[PDB]
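One structure is given here, and the rest of the page talks about it.
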Ligand SMILES: [Ca+2]
Ligand SMILES: [Ca+2]
Ligand SMILES: [Ca+2]
Ligand SMILES: [Ca+2]
Ligand SMILES: [Ca+2]
Ligand SMILES: [Ca+2]
Ligand SMILES: [Cl-]
Ligand SMILES: [Cl-]
Ligand SMILES: [Mg+2]
Ligand SMILES: [Mg+2]
Ligand SMILES: [Mg+2]
Ligand SMILES: [Mg+2]
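See the structure below:
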């Protein structure tokens, strides 16, 4: 699964 | 002081 | 209630202590009580709200993926599907709670770009998490709600923010992931990450050392996805 | 109770799924439901119950310690209020575990090793309560923890050899209780020292694997003797 933004 | 892990 | 009798300032303060204790369900509940006081959230408070729920749904998503994998391997009693369904329903509940706070309290037609984009990206993200567990026609409607939220956020960000703005960058990154992982549109996802990255790189020369680090950290994430995808 | 309508085998099965998903609160609720069916637990099941709650209470203790620290450095009521909230939740989980040990795991345990295992858990969970208790309530809890550990020690001395890891782990936690909780450094020291010596006497008789298991926990007794003397 592709990573999304790890911060808000 | 550490107890059993 | 349960937060109705607590001062807004005390809820924010406790959300911050809950963060330090990594108690993210308490943090989310304190930030929800804060939003329900009806005053707009500052930039630091929007980040608190989002960190809290990101961690709560992050756990549920990770558990759901574990249980989903076990269930597909087994596809015998109903227990695996029962417990996957229980986790799923809880995850959906937290998504609906966030989307509810966004719809009822936070999204405004009014709005500074930095708040309006932040919340619409959030709305897109939480619909995306609903889409990850959805099936069939419910799924297409959910996918369209995520797309619609990300699209409005993109339109605002491109009108109202410079192309290195970190909120604009993080939005493009998540919308590109939406395209790739949810909407079956890898070429759109690749094109969006590329154009975003290249338009931000072109603009770095206008930034301070600290703004340059904020923006470039997110650009590096875009590049990591482009590298994964191509 | 609340998991009352689910079959015992299904509860056990879901506790293992929850463990796989790192959903330790669910794991403990499932294992609570299994224990409340009223059948004895196998060694494996006891260890599921122990893992689940140790993870839950572990996270609450670490949170409480973080908040206590902040509270102490601040020398507004919010930090104390939120520390008291986490405290109350931690007390509830400990009271739940103790409720299962006394209704009715201890009295139904069918063998020495399981009775020692539950009595040690009883001492450990009263110990977690003592850590956040104050005043007369703390004194009562200390005495209940002392009593449960002592009963476990009695059985383990009668029924287990001195290098047995369960007996060694029991002695380790009881000695920690003496030092950290009961403010009894002399009892802590003498229990840890006699347990160490009595185990050492028998090491020559052990298999390679048993020697490793026993010397591991003897080293934990040793690290404490070093800290205390
Ligand atoms: Ca007020
Ligand atoms: Ca279930
Ligand atoms: Ca406004
Ligand atoms: Ca602007
Ligand atoms: Ca900065
Ligand atoms: Ca509180
Ligand atoms: Cl911030
Ligand atoms: Cl559907
Ligand atoms: Mg479902
Ligand atoms: Mg590549
Ligand atoms: Mg069954
Ligand atoms: Mg002998």
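Chains as they are written, first to last, in PDB author numbering: chain P, 211 to 218; chain Q, 212 to 216; chain A, -4 to 70, 77 to 231; chain B, -4 to 70, 78 to 231.
Here a beta-carbon is modelled for each residue, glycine too, at the ideal position from N, C-alpha and C.
In the DSSP assignment, find the alpha helix (DSSP H) that holds residue i and state where it starts and stops.
{"i": "residue 176/B", "result": "167 to 178"}
{"i": "residue -3/A", "result": "That residue, residue -3/A, is in no alpha helix (DSSP H); it is neither H nor E in DSSP."}
{"i": "residue 183/A", "result": "Residue 183/A -> no alpha helix (DSSP H), and no H or E assigned at all."}
{"i": "residue 144/B", "result": "137 to 161"}
{"i": "residue 70/B", "result": "Careful: residue 70/B lies outside any alpha helix (DSSP H) and carries neither H nor E."}
{"i": "residue 114/A", "result": "114 to 134"}
{"i": "residue 224/A", "result": "210 to 230"}
{"i": "residue 27/A", "result": "19 to 30"}
{"i": "residue 7/A", "result": "3 to 15"}
Could you tell me which of the options sits nearest to residue i, measuring between CA atoms?
{"i": "residue 8/B", "options": "190/A, 82/A, 29/A", "result": "82/A"}
{"i": "residue 13/B", "options": "50/B, 37/B, -3/B, -1/B", "result": "50/B"}
{"i": "residue 119/B", "options": "192/B, 173/B, 21/B", "result": "173/B"}
{"i": "residue -3/A", "options": "110/A, 4/A, 31/A, 18/A", "result": "31/A"}
{"i": "residue 151/A", "options": "124/A, 162/A, 165/A", "result": "124/A"}
{"i": "residue 24/A", "options": "35/A, 38/A, 5/A, 37/A", "result": "5/A"}
{"i": "residue 217/P", "options": "216/A, 85/A, 227/A", "result": "216/A"}
{"i": "residue 191/B", "options": "107/B, 69/B, 229/B, 163/B", "result": "229/B"}
{"i": "residue 115/A", "options": "68/A, 39/A, 188/A, 19/A", "result": "39/A"}
{"i": "residue 52/B", "options": "78/B, 79/B, 19/B", "result": "19/B"}
{"i": "residue 155/B", "options": "121/B, 100/B, 65/B", "result": "121/B"}
{"i": "residue 197/A", "options": "209/A, 210/A, 162/A, 211/A", "result": "162/A"}
{"i": "residue 80/B", "options": "88/A, 2/A, 84/A", "result": "2/A"}
{"i": "residue 87/B", "options": "27/B, 55/B, 212/B, 205/B", "result": "55/B"}
{"i": "residue 36/B", "options": "22/B, 17/B, 106/B, 65/B", "result": "106/B"}
{"i": "residue 26/A", "options": "15/A, 16/A, 17/A, 11/A", "result": "11/A"}
{"i": "residue 0/B", "options": "188/B, 28/B, 22/B", "result": "28/B"}
{"i": "residue 16/A", "options": "208/B, 66/B, 22/B", "result": "66/B"}
{"i": "residue 127/A", "options": "153/A, 187/A, 103/A, 167/A", "result": "103/A"}
{"i": "residue 57/A", "options": "206/A, 218/A, 70/A, 89/A", "result": "89/A"}
{"i": "residue 91/B", "options": "164/B, 108/B, 48/B", "result": "48/B"}
{"i": "residue 193/A", "options": "138/A, 159/A, 78/A, 69/A", "result": "159/A"}
{"i": "residue 112/B", "options": "84/B, 70/B, 34/B, 171/B", "result": "34/B"}
{"i": "residue 211/A", "options": "165/A, 117/A, 171/A, 195/A", "result": "165/A"}
{"i": "residue 178/A", "options": "78/A, 137/A, 101/A, 144/A", "result": "144/A"}
{"i": "residue 218/A", "options": "171/A, 139/A, 231/A", "result": "171/A"}
{"i": "residue 213/B", "options": "101/B, 231/B, 167/B, 187/B", "result": "167/B"}
{"i": "residue 212/Q", "options": "176/B, 208/B, 195/B, 207/B", "result": "176/B"}
At a cut of 8 Å, does the segment 125 to 136 of chain A reach the segment 166 to 184 of chain A through at least three beta carbon pairs?
Judged by Cβ distances under 8 Å, the segment 125 to 136 of chain A makes contact with the segment 166 to 184 of chain A, as three or more pairs qualify.
List in chain order the residues whose CB is within less than 5 Å of at least one heavy atom of ligand 11.
Listed by position along the chain, the residues with Cβ atoms less than 5 Å from a non-hydrogen atom of ligand 11 are 2/B, 4/B, 5/B.
Assess, as a yes-or-no matter, whether the segment 58 to 68 of chain A is touched by the segment 37 to 46 of chain A under the definition of 3 or more beta carbon pairs within less than 8 Å.
Cβ pair count under 8 Å is below three, so no.
Whose CB is closer than 6 Å to a heavy atom of ligand 4? List the residues in chain order.
Qualifying residues, in the order they occur: 114/A, 161/A, 162/A.
Is the segment 209 to 228 of chain B close to the segment 193 to 201 of chain B, with three or more CB pairs under 8 Å?
The segment 209 to 228 of chain B is in contact with the segment 193 to 201 of chain B.
Chain-ordered list of residues that sit, by beta carbon, closer than 5 Å to a heavy atom of ligand 8:
Result (chain order): 137/A, 138/A, 139/A.
What does the shell around ligand 6 hold, if a residue joins when its beta-carbon is under 5 Å from any heavy atom?
With the cut-off at 5 Å, the residues found are 83/B, 84/B, 87/B.
Contact set, ligand 3 heavy atom to C-beta under 6 Å:
Each of 35/A, 109/A, 111/A, 112/A has a C-beta closer than 6 Å to some heavy atom of ligand 3; these make up the full list, in chain order.
What is the chain-ordered set of residues for which the beta carbon lies under 6 Å from any non-hydrogen atom of ligand 10?
Spelled out in chain order, the answer is 228/A, 231/A.
List in chain order the residues whose CB is within less than 7 Å of at least one heavy atom of ligand 7.
Qualifying residues, in the order they occur: 38/A, 39/A, 42/A.
Counting Cβ pairs closer than 8 Å, one from the segment 80 to 99 of chain A and one from the segment 139 to 149 of chain A, do we hit at least three?
Counting Cβ pairs under 8 Å, fewer than three are found: no touch.
Near ligand 12, which residues have their beta-carbon closer than 7 Å to a heavy atom?
Answer in sequence order: 164/B, 203/B, 204/B.
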